[PDB]
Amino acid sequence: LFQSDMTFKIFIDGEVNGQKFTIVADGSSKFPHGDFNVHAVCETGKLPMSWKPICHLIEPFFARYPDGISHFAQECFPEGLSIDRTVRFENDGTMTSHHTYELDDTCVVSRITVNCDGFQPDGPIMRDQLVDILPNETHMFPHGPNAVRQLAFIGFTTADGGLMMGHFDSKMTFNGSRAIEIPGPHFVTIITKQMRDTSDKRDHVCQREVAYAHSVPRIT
């Protein structure tokens, strides 16, 4: 069902410290997956915050799993799946988001509402002072009969060669009402990287991401 090149559209309806902003983005994922790109544009004009922190908002299902481990994100289709995420930033604001993933034959469509409250006007976030997104080892845990929980440490290198840590916490619920196999505790490596377009007179950002799952056996 994900055995072929695919496409996706992201519609993000968000707000930051009361100020609204919206973003549309889309991209493709060659097969196999776990290495794809996205092109997102802030339709409200210049994004009112560093793009960095939104990297995780603009495709679990496009991460290449090995055989042993089950790809919950994909199994969820066609009935799609929901996502309740949270990311608390150390000494700055936090961003709650709700995700909606609808499949469209070859194109998967997600709708997202994201709140970004309590952000520091002088923090490296509001001041666009984040330069890097540190690669990290995501933590995947079973969660009820139908869910899967994803905990992560997203770090962004600041301008002073400092480090901004985000505490990532995301619940992925399968929409269907049918028996789906939940997988055992594992991890998913996420290496991302975004980039200025320079073509559009508009705030348009390109972000690549490579993601692949893996296990580590218990002591027998």
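C-alpha atoms forming the largest set that superposes within 1.5 Å between two forms make up the rigid core. Quick note: we count residues from 1 along the sequence shown, nothing fancier.
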In terms of RMS C-alpha distance in 4 other deposited structures of this protein following rigid core superposition, 190-198 and 33-41 differ, and the farther one is 190-198
Figure out for me whether 1-9 or 210-218 is the more displaced stretch in 4 other deposited structures of this protein, taking RMS C-alpha distance from the shown form once the rigid core is superposed. 210-218
Per the record, how many residues of the deposited chain fall between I58 and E59 without being modelled: none, 1 to 3, 4 to 9, or 10 or more? 1 to 3
Per the PDB entry, mean CA B-factor is higher for 102-110 or 142-150, namely for 102-110
Could you settle it for me: does 66-74 or 44-52 have the higher average Cα B factor in the PDB entry? 66-74
With respect to C-alpha B-factor, does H167 fall in the lowest, middle or highest third of the chain as deposited? lowest
Among the modelled residues of its chain, the C-alpha B-factor of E181 falls in the third labelled highest
Please place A159 in the lowest, middle or highest third of its chain by C-alpha B factor as given in the entry. lowest
